[PDB]
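**Q** Turn this into a model:
(chains A, B, C, D and E)
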Amino acid sequence: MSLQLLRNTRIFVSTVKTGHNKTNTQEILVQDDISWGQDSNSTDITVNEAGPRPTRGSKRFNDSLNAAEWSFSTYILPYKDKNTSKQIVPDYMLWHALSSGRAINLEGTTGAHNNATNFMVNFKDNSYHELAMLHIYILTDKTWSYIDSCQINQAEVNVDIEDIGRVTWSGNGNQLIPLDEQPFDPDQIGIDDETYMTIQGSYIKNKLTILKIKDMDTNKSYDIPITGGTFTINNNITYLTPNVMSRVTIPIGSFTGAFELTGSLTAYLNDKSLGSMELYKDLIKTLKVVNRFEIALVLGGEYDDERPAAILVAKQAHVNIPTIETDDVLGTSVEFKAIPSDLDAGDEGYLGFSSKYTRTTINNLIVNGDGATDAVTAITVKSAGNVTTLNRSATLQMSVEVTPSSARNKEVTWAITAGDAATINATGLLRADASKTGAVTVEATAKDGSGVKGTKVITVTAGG
Amino acid sequence: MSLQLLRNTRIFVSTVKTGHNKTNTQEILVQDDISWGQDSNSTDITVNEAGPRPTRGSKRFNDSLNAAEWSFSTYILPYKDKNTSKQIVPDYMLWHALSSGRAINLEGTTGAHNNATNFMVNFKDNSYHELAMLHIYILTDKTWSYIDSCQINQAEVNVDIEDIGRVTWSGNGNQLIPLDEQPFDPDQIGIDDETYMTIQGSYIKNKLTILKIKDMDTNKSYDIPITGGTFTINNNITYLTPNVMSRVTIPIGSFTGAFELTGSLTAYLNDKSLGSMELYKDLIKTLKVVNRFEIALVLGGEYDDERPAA
Amino acid sequence: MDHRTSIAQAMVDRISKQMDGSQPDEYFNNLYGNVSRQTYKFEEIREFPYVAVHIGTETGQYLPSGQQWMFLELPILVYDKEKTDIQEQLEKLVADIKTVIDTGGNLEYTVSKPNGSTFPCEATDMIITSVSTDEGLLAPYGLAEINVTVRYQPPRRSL
Amino acid sequence: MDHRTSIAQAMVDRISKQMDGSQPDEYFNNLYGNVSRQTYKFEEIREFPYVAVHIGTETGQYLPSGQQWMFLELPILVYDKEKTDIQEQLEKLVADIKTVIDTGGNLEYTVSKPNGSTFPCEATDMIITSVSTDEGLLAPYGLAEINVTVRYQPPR
Amino acid sequence: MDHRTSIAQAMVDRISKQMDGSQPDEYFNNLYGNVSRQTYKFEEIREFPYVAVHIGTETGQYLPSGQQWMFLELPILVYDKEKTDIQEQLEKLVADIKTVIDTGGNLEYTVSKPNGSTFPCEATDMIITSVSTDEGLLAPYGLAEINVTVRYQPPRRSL
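**A** Residues are numbered from 1 along each chain as shown, chains lettered A, B, ... in the order given. The structure is reproduced below:
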């Protein structure tokens, strides 16, 4: 005799059903928003005829069984594992299952793979009919029960709630099977006190949340201070079930729908230059059919100090028409959906998690995709031999110094913007011609997409 | 750098877009139930095929733009204008727009025409495909914005609410266009302190509200004390928008629907003769297909003393 | 933009004006203008029946178009002696004051701008919260506190 | 970055600047700059009319992007003598203070920085939530309370 | 599992450490380490400016997976003399303490397990409820109570 309490419920996630260990099974920590179960359909038949004293009666029948449903919320806890000194999160199996359908591999470049600097999940390599196959084990007080096989359908992150950051998971399953015996020792598989102590200080606070937004076509950067917002990853999981009538049925397979990295924002109305007014006015006035926006919502902010932060990046995301609200202080709402470049490319967006994030690391993740790889921050041009002047029919193959020296993209493109006095090629051997009595401006663009410029005007004249 | 407060928002109504003056533009006073905006549609396409490793992705497109929407509440303020000594209300342009499609003419006998005794609005001469064409100008702190062309769709008067009488306007528009420069001097067009002082005492209180009801077929009058009620004028406006697929579209024209002066009443059941019992019993007993009742809701009550009333 | 004392003086003047013998079939009592905007103490009062008009707090509310709904409380107290009994006389005075407060038009007061012009105005509405009799007081001296919130609107400001 | 005393000093400075003889049509009386947020004993009050600005509790709430909403409560007291009629004079002072608070632009206060970088910043909200006066005091002396709860967003 | 006095000691040490002349462009004042975790009486205090860190009630909450959110109140009081004036100096001290509390990382303290090992830890977040100045106190001696709730999480228990 005993009553099961919710306060003593522990949820374990495993990628296998037997031969459990610490690398295939892992415990995660949930919040009060925990739900599970499995509802059933029922067909009902009845008769109807015009005779007196009719046959009033019915007989219910069970016909099938809907897919199980579960949902829970967990805090975002980017920390470092003393075993490998690589940044991980307690709920990384869930991220891998939501991101890719291949086997789990933390050292790769697809799915949910971690680096020595950050643990980042890539939504590329998700084109599969079913995602990673997890079995959710639920411990409540003493009785053991589990869901046979789950595929995560949604993940919600909300910044409007004032508490620390949370992720809201929601999925489905084949059948909720109660268990009669303990599958594995709870303590050996579950997280220890050491990991709890190491992650107790890596919470991410929503009080400090910034956003980077920029239109690619017009090349305008905006300073929007967020007052709320959210972004939700949805796999649109639809289940399949035979509908035979003689026997109760069980769903057999699941088909993925359409990847949807939909999100939304809201902020106050600030008349300052490049504020929310600029974005509102531009979006409404231009009235383009489709936009190409580069949004970046950064939980935990970016500081020079090494502090934890969670990052969402949505390249070329579509932004809908902003809708103005009306309350005590005027505020606008912008809703965006991260469309991909190609329907099959799968570069809709990527996330980043780390405990030692810095402004430079965050910037090079935004413009490079990874925290470890560097990115160019400034660029200046230098002529061959440091000559700032040129004459007609002269060769000056200038060079460029890159900053910082550890950037991965050490090569750029050569372009001419203002003035017609000389021509250059990709190699860089600039040449001029005759009848040139004017100066020209040479410009360069980084091939990594950072957007750093090196400017110089050479006074090309008729010569001596 | 500045934040716009709702407490410093002023709504101006004008029947023209240029050459503003005090006879074509006028300021009205709104309540906290102010809303405006313009929502947009979006078509989403996706692929589906039975091959392994399917193409998971989608591309949103904007296809059209819904008509704008606005709604605000304002007090009923019948006062007299020292210029002409004729009874008017600050929101008379809205009444004219809701009532008729012809040009504004206060000295006539149709639409919204005022008299030396009262300002009355007649719904006769409303058979038009579009009502009066107004442009709503919205000032919020220091930013100017406006709706291109609005046609009033609804007006609700509620006596159940214990506060003083209010009317709840609601309409649509073609497009919500932000503005870059101030159209007109706000103070010259807006109401002055003299008019505010003159109308501060002409409020209409719903604490005193009577009703006259009478059946024409039977010729019997009822003494019904109201405990709540409302009446709503609805033009059932509907907007037309081309559905071309290449480019985002904008609504071009609106078509009026069916005029509907729907209202409702409620009262306690009083056994007194010709009370609510008589009305209840008569209406239930006769069970006629159609009735011809002459109702008259009188906000502010009627007294021998000269007192405001709607 | 405040009109506490102006409204209270208008209330006092209205009460004094609409209680003489001109309307015997409308009103019971007759104070002969024994209405004052302040009382130093109960012990100072020498004539009965006597009514004092206190000044309460001042709540304020703001509206989008620069308007300002701003309220004022008007606790009104009356006194009477045991000529016949406390209950009947105090009830007559309270019902009379209620009939004064509920009928007629609004409150007309005088608002004096600093320039030197006094424009007559009108308050918006009047609502009674509750009326209370102060039992347990002195045997021949009674009290009947009637609470009133006069709701009015100042000249348009806060632009 | 609270600047509560800065807000109080801005209140005092605005009250001293306005409601003077420069605009005798919009205001009733002249204080001759007899304004100070520093409170004094009532018996120590030198001449009337006198206005004191009290600073009370100060709450606040946070916002996702480093923004901060900070509500500052500023009880204001005015003391004045019954030279002609005490109730009417306090009435005039209260009306004038309400006009000063409501009309004009928002508050202008100067925020100082450790490295001498003083720059001006402005608040947003200015609401007189309630006004109350105390009676039963000494017959010549008076007191009125005007409650302004200034709402300001501090820099950064 | 409680970390009350450890959190208070960490707060005192942080205030003492981040107030010297090493950051003149970040903070106004300099307490020279005059921060203590307890004060006997205001009369006993001999130096000004002086700041005391009190310990308030300590609320606990429970989470399904064995977690335990556990809140602690940190009423902080400061004192100063009328070298120039109460208001400006007290505001400077309050704003400076707010800058200490809002910038920087998390509250780091030392947790001493009974086994004999002290593991450094970090608190979750810091939020201020309200700041208040105690007017009506002595003329040259001021007070500015700033209320703070440090929210921490103990080592996982209640398995």
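**Q** Name the helix or strand for the residue nearest to residue C:51 when sequence neighbours are not counted, please.
**A** Spatial nearest neighbour of residue C:51, excluding adjacent residues (CB to CB, 6 or more residues apart in numbering or on different chains): residue C:78 at 4.4 Å. Using the backbone N, CA and C atoms, a C-beta is placed for each residue, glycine as well. Using DSSP states H and E, residue C:78 sits in strand C:76-79.
**Q** immediately after that strand, which helix or strand?
**A** Past strand C:76-79, the next helix or strand by DSSP H and E is helix C:86-102.
**Q** Tell me the residues of chain A that contact chain E?
**A** Along chain A, the residues adjacent to chain E under the rule CB under 8 Å from any CB of the partner chain are A:6-11, A:28-32, A:34, A:164, A:193, A:196-197, A:200-201, A:203, A:205, A:207, A:305, A:307.
**Q** quick one: the residue of chain C at minimum distance from chain B from chain A, how far?
**A** For chain C and chain B, the shortest gap (CB to the nearest CB) falls at residue C:122, measuring 3.1 Å. Applying CB to the nearest CB, to the nearest Å, one obtains 31 Å for the distance of residue C:122 from chain A.
**Q** wait, that residue sits on residue B:203?
**A** No. Residue C:122 is not in contact with residue B:203 according to CB atoms under 8 Å; the separation is 9.0 Å.
**Q** These two - which one has more neighbours?
**A** In terms of neighbours (other CB atoms under 10 Å in any protein chain shown), residue B:203 is the more surrounded of residue C:122 and residue B:203; the figures are 22 against 15.
**Q** who's in contact with that one?
**A** With CB atoms under 8 Å, 6 or more residues apart in numbering or on different chains as the criterion, the residues that contact residue B:203 are B:75, B:76, B:77, B:164, B:165, B:308, C:124, C:125.
**Q** With secondary structure, distance to residue C:104 and neighbour count as new columns, can these be given to me in TSV?
**A** Conversion of the contacts of residue B:203 to TSV gives the following (DSSP: H, G, I helix; E, B strand; the rest coil; distance: CB to CB, whole Å; neighbours: other CB atoms under 10 Å in any protein chain shown):
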residue	secondary structure	distance to residue C:104	neighbour count
B:75	strand	22	22
B:76	coil	21	20
B:77	coil	21	23
B:164	strand	18	19
B:165	coil	20	21
B:308	coil	14	19
C:124	coil	14	19
C:125	strand	13	17
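**Q** Would you mind checking which of those is nearest to chain A?
**A** residue B:75 (19.3 Å).
**Q** partners of the closest one in the sheet?
**A** Note on residue B:75: beta-bridge partners residue B:166, judged by DSSP bridges.
**Q** these two touch, right, it and residue B:164?
**A** Yes. Using CB under 8 Å, residue B:75 is in contact with residue B:164, at 6.0 Å.
**Q** Give me the common contacts of these two.
**A** Among the neighbours of residue B:75, those also in contact with residue B:164 (CB under 8 Å, 6+ apart) are B:203, B:204.
**Q** Look up how far residue D:130 lies from the residue in chain C that chain E sits nearest to.
**A** Across chain C, no residue is closer to chain E than residue C:57, which sits at 21.9 Å (CB to the nearest CB). Distance from residue C:57 to residue D:130, counting by CB to CB, to the nearest Å: 6 Å.
**Q** returning to that earlier point: who are the neighbours in contact with the residue nearest to residue C:51?
**A** Under the criterion of CB under 8 Å, 6+ apart, the contact partners of residue C:78 comprise C:49, C:50, C:51, C:52, C:90, C:93, C:94, C:97, C:143, C:144, C:146.
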